[PDB]
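Engineer: To start, I am sharing the structure in question, which I have written as structure tokens.
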Amino acid sequence: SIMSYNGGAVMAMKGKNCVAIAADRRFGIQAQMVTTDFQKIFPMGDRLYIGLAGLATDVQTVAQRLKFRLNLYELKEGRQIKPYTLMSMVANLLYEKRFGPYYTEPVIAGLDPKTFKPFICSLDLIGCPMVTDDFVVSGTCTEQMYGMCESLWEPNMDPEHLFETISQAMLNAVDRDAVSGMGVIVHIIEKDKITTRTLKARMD
Amino acid sequence: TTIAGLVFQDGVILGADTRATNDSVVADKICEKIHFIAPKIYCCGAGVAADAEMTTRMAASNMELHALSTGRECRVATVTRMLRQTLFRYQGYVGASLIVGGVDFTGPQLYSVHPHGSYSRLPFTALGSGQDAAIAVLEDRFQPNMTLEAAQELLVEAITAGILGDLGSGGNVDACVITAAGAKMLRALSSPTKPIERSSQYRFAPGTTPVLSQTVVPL
Amino acid sequence: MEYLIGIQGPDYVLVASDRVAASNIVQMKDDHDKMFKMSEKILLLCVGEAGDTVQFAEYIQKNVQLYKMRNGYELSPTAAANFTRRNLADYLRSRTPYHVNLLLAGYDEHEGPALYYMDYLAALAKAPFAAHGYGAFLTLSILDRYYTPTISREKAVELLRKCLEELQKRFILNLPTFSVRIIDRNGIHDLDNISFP
Amino acid sequence: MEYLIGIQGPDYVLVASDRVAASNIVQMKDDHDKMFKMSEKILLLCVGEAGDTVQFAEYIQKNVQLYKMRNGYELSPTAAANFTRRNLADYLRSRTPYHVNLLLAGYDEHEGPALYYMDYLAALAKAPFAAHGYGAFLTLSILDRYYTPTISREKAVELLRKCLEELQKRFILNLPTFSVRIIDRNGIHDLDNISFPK
Amino acid sequence: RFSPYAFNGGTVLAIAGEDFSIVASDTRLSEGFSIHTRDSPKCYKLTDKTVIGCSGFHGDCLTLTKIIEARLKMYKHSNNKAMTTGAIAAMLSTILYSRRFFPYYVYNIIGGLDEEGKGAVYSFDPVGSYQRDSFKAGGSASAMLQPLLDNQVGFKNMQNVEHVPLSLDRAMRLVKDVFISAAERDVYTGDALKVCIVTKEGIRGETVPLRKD
Amino acid sequence: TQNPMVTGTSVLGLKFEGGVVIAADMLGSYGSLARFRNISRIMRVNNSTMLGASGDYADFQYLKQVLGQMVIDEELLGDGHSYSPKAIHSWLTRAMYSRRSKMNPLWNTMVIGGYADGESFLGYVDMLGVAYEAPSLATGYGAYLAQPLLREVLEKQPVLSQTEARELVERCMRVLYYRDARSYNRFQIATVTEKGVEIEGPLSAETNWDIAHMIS
Amino acid sequence: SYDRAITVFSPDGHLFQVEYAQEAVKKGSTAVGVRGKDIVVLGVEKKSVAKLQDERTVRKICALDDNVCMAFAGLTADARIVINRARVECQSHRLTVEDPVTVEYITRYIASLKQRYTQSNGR
Amino acid sequence: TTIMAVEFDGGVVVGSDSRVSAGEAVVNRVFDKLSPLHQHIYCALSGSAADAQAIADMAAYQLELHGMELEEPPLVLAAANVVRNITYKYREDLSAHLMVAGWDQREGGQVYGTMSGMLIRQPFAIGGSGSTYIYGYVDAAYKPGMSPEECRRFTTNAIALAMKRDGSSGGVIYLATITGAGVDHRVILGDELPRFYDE
Amino acid sequence: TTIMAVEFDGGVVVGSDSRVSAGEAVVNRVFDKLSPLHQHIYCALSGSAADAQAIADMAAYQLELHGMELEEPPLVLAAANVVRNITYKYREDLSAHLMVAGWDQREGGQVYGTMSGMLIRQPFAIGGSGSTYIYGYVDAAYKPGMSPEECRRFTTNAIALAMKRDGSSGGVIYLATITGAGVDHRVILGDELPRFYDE
Amino acid sequence: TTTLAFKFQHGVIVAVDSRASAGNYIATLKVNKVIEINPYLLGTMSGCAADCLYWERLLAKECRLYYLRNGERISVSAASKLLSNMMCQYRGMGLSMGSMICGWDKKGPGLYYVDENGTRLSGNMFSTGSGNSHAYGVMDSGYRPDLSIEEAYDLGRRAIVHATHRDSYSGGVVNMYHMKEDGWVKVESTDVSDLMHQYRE
């Protein structure tokens, strides 16, 4: 349908004290590819990121309306946003459009600013927030991204085991998607620091 | 999606499952359903997930001030009229299927709200995709004013039948007891499925990932 | 179907467009100018539906001229593309949808040359080279082979002609005359109009 | 859309056709031969649906070769056109309709040159000049001005080039190369293939 | 009007080991949102060395299997021998084409051992195109099964790691857990598991429990 | 396909120890009208097997005349063989499948029960050709209503007697009458056993309407 | 329709039908041909003219193609059927193959008709 | 869905069934389709259950106001025109059809069909998807000057006859006898449904 | 279009109206919809008038042959299955619906509805576009063991009730009493139609 | 799907991708699209996979029945015409097949094309598939009939690798087959991505 125009994939897995999010770099129109540098992950502020997929028109449009509400929320508050608070914000933005709804599946991942706690969540076209204790993925290949993270995920994983798990889940699942590929950007959100890496992937 | 409730002598219990699915796959296994309205009044959604979510949000919000403005107990029949007028305003555009039950000054009462807005009073029913499995179980074994323990054993088996008899119904069973003395929440009261284990483990050694670019930003 | 092409050199941006404007079975205007000047170093290439091509691009033309006169300085290439996308995205859900395909060519005193790809759905992506129309399939593949960030404009114009001569071989529509211009630190420089006697 | 043109001179018939065969957005074969030889002095020009053009014209090709071998002599230009129309009219109501546009060029030892126009509905009409495709609108009008029964082939070929150069100006599709041949008492004579070193 | 087809769900897996070939599928038969039964084995044994899976519209899965079994006897009576795994695959290709105008709606997976004792996995499509591969999947969860077998079985996208040919002990545990993970996220998979392992000595069946949800 | 009218209702069947019970309502339905209140929807096949169906009853009488003569032709042959309950279930699978390829499918849903040589058989076919074997089966909304009722009993007690089976049928016949608007009060409970098929006459069930006083 | 077996076996396996057909071949007019180097020459002798019969319709030398000609001796009625049907198939071969017809191709396209029509029912 | 009302000397008897089924499945098998608009003024719900319950409250909102302003029970003709104008004006978005019946001090018991947007007075009125099949009994078996006991049986026999033939009708028979001294509410259990020819 | 048949001890009474209307205009207001297939075997025409008259002749063609081969009147069950198989097989191009009734020396008077392609035996059967509204009278007023005089009135009262409510039914009532001694044909003029409640 | 072939002094070179996808999911990456007909004769595939596998084997059947009959080693021209005529009778029934026939004969290394509607063409350079237009660009640039054996491999290699980069339906490993007088021979099989890393550097 319309969600299959630009394709795309977004993956977020929860570790022990840290959380990792990953999405591919590909941007294309149906059978026509465009560019390799496309970015599906935008910063929400410290230790909080959001993934986006589906029609890229709404990907870039909702990202501006989320940054519309993000900055206004951060300027009014004296404290940073919690990842659980942002989940409900995306639910209101998608529900007010209920007649005209946007086409996208936002994926929110980050750490609880309280102390170390990781938090993950994802929504749907209808704007239904959902909290899972393992991982969240979205895209046209999301049926493929399940089986990788279903078996590989563990209750507690250090940044060493977390990055190795989410990276292998991306490289294996995205290669079976025709509209997805061309590099994978992986972000590691830890308590002390934040690590960004670009994986070596096939061009196909 | 299997949701049901039963009214017994001393109160009412609303059962629901923990599993939510999106059309090809299970979205969340432990996902909660029953929402909060009043201390003695609870509801549970069905049909469209976000529509049933946002409708109970506007219902719990409207009923919250009704409890704050009146300072008294809330009527269960007041909740149902709020829900259907929203469905009437949109002419059935909202696919929210809602069941409402609780205990008020009059006594334990259970209602039903169809996404088209029709409301019906009734001692017991079920809604969702697996409603026909729970209705048949509740129809045969129901008795007027059953003991609290007798109603607990029956409704848990009703949700169990609604789960085993539906593809969209699974996970644990969340039952919430509401009595004239007070309401109590039971999380994951029933777990009919034992096999929570797996036969192998997957671990990765450091250095097995083909990393190309690497950078570190301190915080 | 009209054709567009552009190439981002290290200090330069090389763009080209077809000058043919046709209707029904005939070509009415073969010298038609598809190139619109947004700013001094910023050009624009607009093709699409015959009615939406001229109308919607003239809206962008003055809207960019609005910014430059109000603040005394023109939009940057990055700022220009992002404002044109929201203009196209706002009319997407209106009763007058605009079918257009735009390439933004511009040069900045700091980030240097910039080339931007835009579809009719208002999806903006930066690319070293891009093309529109059905002829984009017969051309961009050649750019995949011969493109390097260090290429000199002298060889780029020669490789641009090699791509456009493919439009006279495989590509069905005639398109006799092409217009070619370049953008650099010294401003807009016109190039010899491609002519096939 | 493919293009055809023909001209009936006093002793001759001058015909021309586009050599381009294209599919989708690309031209696959630009030298393609649209001219089919029915007999010694009788040629054929067939354009239409890509599938019906080659298939149905080859049926006519051998069916004319059937007559010439059975009786020892070929069909006349008039006899050939009238038999090709019945063949196209029989499949009109069948489950496989043929979309084709044919020009029959031939010379007779008595009636002389003959040019025949045929549509996809199998309506045969004799005309001094005819053309097919969308390019027929940009060309035949020029023939209305410059045509005379006494014209010489030397000026006719020059006027034919003037008509075909209009296909490179107003007419949208490229069509770089055209094939030109002439029919007279001395048989088929090939002419310089029109080439545009663009 | 009349809908000639309906999606009955299910999942079928086949993996070709060095000396062995493993084929497994679930027992769940469900149409729409309702369960017909929790035991409906899709795996059908053609010969000793060949096992065919069927995933798709159930009405075509039953008839097409009976047509294949009918042509198995035509061969063996004529040729005095059993069909090879590669011969059965190329046969059904022409069988599926005979319907080319009104194609059977099914996803067929054939697996087993060839004359060399090596596993041969054959994945089909409703129009009859086929290929040989080490491991294939099919059904509603087909998108789920493929990435897991690419990393684990295929050793793909892994740098500087020892590549050991597939072992039967691991191949069993890999097929079990991918379905345990499938039964989690697949509404059409679960309730039981049947694993048919074809080796040089013979076929050995197994039964594994799964969640009832 | 075109327009059949002559609509049917739900049919239930289940397995118990040494026999099979299959019950169905006697009401034929035309559109929203309940028209023919006396109809036999349960047909006997030889001694050891029994048949019932749903959907178009006009197509069911045609399946009576086809399958009936074919079964009688075997009794006329007298070779000492009888159609097995799997054979009737198999023949109806292909007979209903043969109607889809000619673009003339018959609207019906059939259930084949039987007991032979200590083997209790219950089976399900469909216009769509879906066929399988399950210990408890139902048609229409019975698969939504009466099916999970029997699954809960078969999981707790896989072995059921002849009395326990009929008691569960009446309780399922009681529930189906409640929540199925197109159902009907009068029904026939037919049971096949070691003594053969025995079809009981018109029956009813005591209904509990106390919900009327509990709502008000 | 008329459906029967015409040509049947004898005690010796010989076919009386085919043998009598070859007797009519022997009673035909004398025709000859010889392969040269780059040329071939066909000839036949027709003596029947008292100046009455026209010489245009008598010709027994026929051409199957530009590169293939033929001559016949036998019943002049059966030759007209074979020559016509051979030319229909010979040009139908140029429909299937752009290259011309090798003499051996068409000779199989001809002798095969004498195979079928001899053993065919009622023919 | 079957609703029935019969006028007699001392009042009217307005019956209804308890079955409410959306589609082919029963939502509730016990439901009261009689929604009081006043003490003696009742409304028999039919047609779309969602639109009928919305009009019943919008009608009660206007009738309570008209009743309190006059400080007297409104006439049955007053309550009928309220439903009609709400029906006729809003028939675009409202497919519901109602039957207004009650008792007043002027003409006594009255029954006004509001179905389809028109208004007419009848001695006996029937509505719903099941009222089409009972035309035979209500026409022939109707006699003038029937006692209140005969009117209860005449109303019950026709409703019980609809419940047999109508697939969308069933449950228990609700009877409301509206007279000058008050209103009596009775419920007929499934065992008390009058038995008719069973073949 | 209304057809009716009622079985009793000595035979059956098969009634019909005379009104035949294609669309909203009456083609003929006097027409006999009872087409004899045999002496005691009759067929009540309903549904499409063009398809019913074609089947009536195709049925009579087969029944006369089956009757002459046996040299005895065919059973009523024989004549019913002829119409049914012609109906069920040809229902693609034939929308007609017929009601077969007659008398035989075996079981006596019988009435077999062939409508929609099925076959069933009934003590009384009604068909046509007007038979849907008379279900109330025929169900409640039916009593076992009615005299031939009561059966003529019971059949007439229900047909006359359909003629009032059915817009496509009217004209004069045709009655045919089929017994063992013969068949009596009677016509009820518009003045003799039984008068019912007029208000 | 990207398939291409071209003829020059040293004979024909056929290059194709390995990937065939259904919808958004890739069915198989390792699919071998090139059909083997005769030792010296080489076919291709385009469009529907089953339509190619069915009809190209009928062409291989006709080519073998021909060589068993007259022993003349059927020319590429006769093979291309027989394949086109078989698609004409079923025209309009929904059969979609593209293909290209390659081989050498007494005339030379002929290159022909057969469409789904019966279009039969002849020329120096052909390509088909969803990525055919992406192939025409690189192939035409820097091509002459006088190209050598080694120089033409670099043209055929860069043809698939750069064309499959811009196509979502084209990918897998590059399968390139040179044609000679004795017969075609397998040259190299290499992943597109592995060659992408050499071109970027």
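Going by Swiss-Prot, the residues shown for chain E are 29-241, listed in order.
Cβ atoms are placed via backbone N, Cα and C, with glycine included.
According to Swiss-Prot, the record shows the following:
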- E:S58: O-linked glycosylation site (CARBOHYD)
- E:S62: phosphoserine (MOD_RES)
- E:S68: phosphoserine (MOD_RES)
- E:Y150: phosphotyrosine (MOD_RES)
- E:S162: phosphoserine (MOD_RES)
- E:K204: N6-acetyllysine (MOD_RES)
- E:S209: O-linked glycosylation site (CARBOHYD)
Engineer: Applying an 8 Å Cβ threshold (strictly under) against chain F, tell me which of the recorded positions E:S58, E:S62, E:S68, E:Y150 fall inside, in sequence order.
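Structural biologist: Near chain F, the qualifying recorded positions are E:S62, E:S68.
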Engineer: Just how many other Cβ atoms lie inside 10 Å of the Cβ on E:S162 (phosphoserine)?
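Structural biologist: A count of 17.
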Engineer: Given the recorded positions E:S58, E:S62, E:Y150, E:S162, E:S209, which one's Cα is the least distant from that of E:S68 (phosphoserine)?
Structural biologist: E:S58
Engineer: Can you figure out which of E:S58, E:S62, E:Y150, E:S162 (the recorded positions) comes closest in space to E:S209 (O-linked glycosylation site), comparing Cα atoms?
Structural biologist: E:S58
Engineer: Taking every protein chain shown into account, which of the recorded positions E:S58, E:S62, E:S209 has the largest tally of Cβ atoms within 10 Å of its Cβ?
Structural biologist: E:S209
Engineer: Quick one: of the recorded positions E:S58, E:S62, E:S162, E:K204, which has its CA closest to the CA of the residue listed as 'phosphotyrosine'?
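Structural biologist: Of the recorded positions E:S58, E:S62, E:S162, E:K204, E:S162 has its Cα closest to that of the residue listed as 'phosphotyrosine'.
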Engineer: Enumerate same-chain residues with a sequence separation of six or more from E:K204 (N6-acetyllysine) and a Cβ-Cβ distance below 8 A; give 'none' if the list is empty.
Structural biologist: E:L221, E:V223, E:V236
Engineer: Any idea what the Cα distance is from E:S62 (phosphoserine) over to E:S162 (phosphoserine), rounded to a whole Å?
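Structural biologist: Between the Cα atoms of E:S62 (phosphoserine) and E:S162 (phosphoserine), the distance comes to 35 Å.
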Engineer: Can you tell me the CA-to-CA distance separating E:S58 (O-linked glycosylation site) and E:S162 (phosphoserine), as a whole number of Å?
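Structural biologist: E:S162 (phosphoserine) has its Cα 29 Å from the Cα of E:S58 (O-linked glycosylation site).
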Engineer: Starting from the Cβ of E:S68 (phosphoserine), draw a 10 Å sphere and report how many other Cβ atoms land inside it.
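Structural biologist: Here the count is 23.
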Engineer: Going through the recorded positions E:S62, E:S68, E:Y150, E:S209 in order, which have a C-beta under 8 angstroms from some C-beta of chain A?
Structural biologist: E:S209
Engineer: Would you count the other C-beta atoms found within 10 angstroms of the C-beta of E:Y150 (phosphotyrosine) for me?
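Structural biologist: A 10 Å sphere around the Cβ of E:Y150 (phosphotyrosine) contains 25 other Cβ atoms.
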Engineer: Name, in order along the sequence, the recorded positions among E:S58, E:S68, E:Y150, E:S162, E:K204 with a Cβ closer than 8 Å to any chain B Cβ.
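Structural biologist: Listed recorded positions passing the 8 Å Cβ cut to B: E:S58, E:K204.
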Engineer: According to DSSP, collapsed to three classes, what secondary structure does E:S209 (O-linked glycosylation site) have?
Structural biologist: helix
